[PDB]
Amino acid sequence: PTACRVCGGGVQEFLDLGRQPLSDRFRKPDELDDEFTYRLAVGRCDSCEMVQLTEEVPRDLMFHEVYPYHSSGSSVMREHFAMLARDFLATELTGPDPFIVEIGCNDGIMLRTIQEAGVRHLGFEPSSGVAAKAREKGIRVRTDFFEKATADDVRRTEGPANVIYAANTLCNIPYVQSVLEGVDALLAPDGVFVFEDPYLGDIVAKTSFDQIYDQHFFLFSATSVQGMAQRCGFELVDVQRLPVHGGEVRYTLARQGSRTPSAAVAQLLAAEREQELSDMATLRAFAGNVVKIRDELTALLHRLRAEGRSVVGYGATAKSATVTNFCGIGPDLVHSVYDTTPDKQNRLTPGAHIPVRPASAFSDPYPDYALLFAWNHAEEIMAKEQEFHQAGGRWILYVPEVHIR
Ligand SMILES: Nc1ncnc2c1ncn2[C@@H]1O[C@H](CSCC[C@H](N)C(=O)O)[C@@H](O)[C@H]1O
Ligand SMILES: Cc1cn([C@H]2C[C@H](O)[C@@H](COP(=O)(O)OP(=O)(O)O)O2)c(=O)[nH]c1=O
Ligand SMILES: [Zn+2]
């Protein structure tokens with residue numbers, strides 16, 4: 001079997017999503033039809049309750065020079081991060097000469113606000129293309145993975161960080177123990193390590209299995225994060241639920257006993273226990289619901305084809321690779337996917353090879369239906385696409401259930 005990456009306990013599988021391609025590899029249509037594949041399956045550790053994948057994709061296959069995800073492509077997320085950065089400037093970064101390190105800064109969506117406040121900072125961004133976009137904004141970026149050794153190097157040259165922050169990144173990192181030792185080396189004795197990532201609670205409640213793909217190794221909960229912190233010398237001292245990305249929790253870790261946990265921590269712990277969130281039977285029931293969504297979504301897509309209705313997709317999310325490859329959905333059922341990311345445009349989606357076209361191409365004459373892969377961006381997207389729905393075009397969603405509206 002698989003050893004738990006947090007505690008070395010045994011991992012029990014509950015969901016097997018089969019062979020999957022790299023989720024963010026978009027091929028030109030002339031490229032050879034070969035792709036790396038791996039088995040995507042999810043289990044839960046016996047000892048610490050951490051839900052995690054059973055096969056790791058090597059980091060350098062996922063994060064490198066042409067990694068295509070551009071965080072700044074969403075107006076809602078640009079606002080969400082600017083606000084988080086102001087909240088840190090008002091609270092944890094008030095000292096003389098404060099220092100904030102962000103793990104996974106991407107194109108600088110968060111750090112831009114810190115730089116504009118004149119505060120010392122450093123972004124770690126091992127994907128050099130998006131790192132260069134952050135540096136264009138005047139952000140200080142290191143094109144390296146955060147891990148024990150690179151944290152030590154930053155401590156040596158830059159001194160302690162008052163805040164270490166990671167969004168939608170820590171759950172990507174199976175070497176979380178090395179990151180934690182990095183945090184231990186680098187964080188001020190009275191600092192915080194704050195991270196926010198897709199929440200197990202939301203994934204189980206919404207059956208949002210597309211949150212499981214190569215780059216999302218862990219599905220954190222308050223229960224497993226508390227365990228992970230404790231084992232590494234930290235303590236879970238705050239939690240905040242966030243609506244972004246289909247539902248997240250922002251976890252705040254401090255050195256143990258240095259701050260008193262908020263009431264929020266015990267409250268969420270108790271709700272997770274009450275709701276049996278991480279019980280193997282709950283997680284197996286989620287896995288049964290995942291198969292039901294597969295079966296209903298393919299039946300719908302096939303019925304639409306039989307009735308001569310046109311179907312496209314909207315948003316070439318990484319998540320969508322799980323949906324198209326587990327469900328067997330290709331360009332015979334969903335003809336194109338529309339997306340705002342130039343480096344995904346005029347390419348094929350991974351595994352399923354549906355052509356991706358610029359969102360500006362989604363215009364009159366509209367298709368009958370758009371399968372909404374960027375369902376976590378529904379409000380922002382539908383506000384930009386009122387004319388489609390006014391014209392009679394309808395959305396197909398598969399979270400939390402297959403439905404059309
Ligand atoms: N060990 C590590 N250290 C720092 N960044 C990492 C990393 N492993 C992956 N990454 C970066 O983590 C990012 C995850 S995507 C999330 C980016 C942004 N924080 C947002 O929330 O939108 C990618 O840009 C990826 O290259
Ligand atoms: C917000 C928004 C996103 N998109 C595209 C951009 C990204 O390629 C994709 C959203 O991806 P996202 O859900 O942020 O991430 P992931 O890759 O983790 O699933 O949707 C649009 O085309 N239009 C929009 O208005
Ligand atoms: Zn464990």
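Atoms within a ligand are numbered from 1 in the order they appear, just like the ligands themselves. Side-chain atoms are counted along with the backbone in the values below, which use heavy atoms only and exclude waters and symmetry mates. Along the sequence shown, residues carry numbers from 1.
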**Per-residue contact class, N376 against ligand 2 - non-hydrogen pairs under 4.0 Å** = side chain
**Prompt:** Does some non-hydrogen atom of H70 fall short of 4.0 Å from ligand 2?
**Reply:** no
**Request:** Please state which part of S75 comes within less than 4.0 Å of ligand 2, counting heavy atoms only: side chain, backbone, both or neither.
**Result:** neither
**Request:** Using distance alone, determine whether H377 and ligand 2 share an N or O pair under 3.5 Å.
**Result:** yes
**Asked** Can you tell which part of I173 has a heavy atom less than 4.0 Å from ligand 1: side chain, backbone, both or neither?
**Response** side chain
**Prompt:** Of the backbone atoms (N, CA, C, O) and the side-chain heavy atoms from C-beta on, which set of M77 has a member under 4.0 Å from an atom of ligand 2: side chain, backbone, both, or neither?
**Reply:** neither
**Asked** For atom 15 (O) of ligand 2, which protein heavy atom lies nearest, and how many Å away is it?
**Response** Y69 CE1, 3.3 Å
**Request:** Nearest heavy atom to atom 13 (O) of ligand 2 wins, so pick from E385, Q211, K319.
**Result:** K319
**Protein N, O or S within less than 2.8 Å of the Zn ion (ligand 3), waters excluded** = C4 SG, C7 SG, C45 SG, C48 SG
**Complete:** Checking heavy-atom distances from atom 2 (C) of ligand 1 to each of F124, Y67, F146, the winner is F146
**Fill in**
Checking heavy-atom distances from atom 10 (N) of ligand 1 to each of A167, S72, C171, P126, the winner is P126
**Prompt:** Counting heavy atoms only, which part of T340 comes closer than 4.0 Å to ligand 2: side chain, backbone, both or neither?
**Reply:** both
**Prompt:** What part of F26, side chain, backbone, both or neither, has a heavy atom within less than 4.0 angstrom of ligand 2?
**Reply:** neither
**Complete:** Logged contact type for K344 with ligand 2, heavy-atom cut-off 4.0 Å, is side chain
**Asked** With backbone taken as N, CA, C and O and side chain as the heavy atoms from C-beta onward, which portion of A318 lies under 4.0 Å from ligand 2: side chain, backbone, both, or neither?
**Response** both
**Message:** Between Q211 and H245 (side chain of the first, backbone of the second, donor and acceptor by atom type, cut-off under 3.5 Å), is there such a pair?
**Reply:** yes
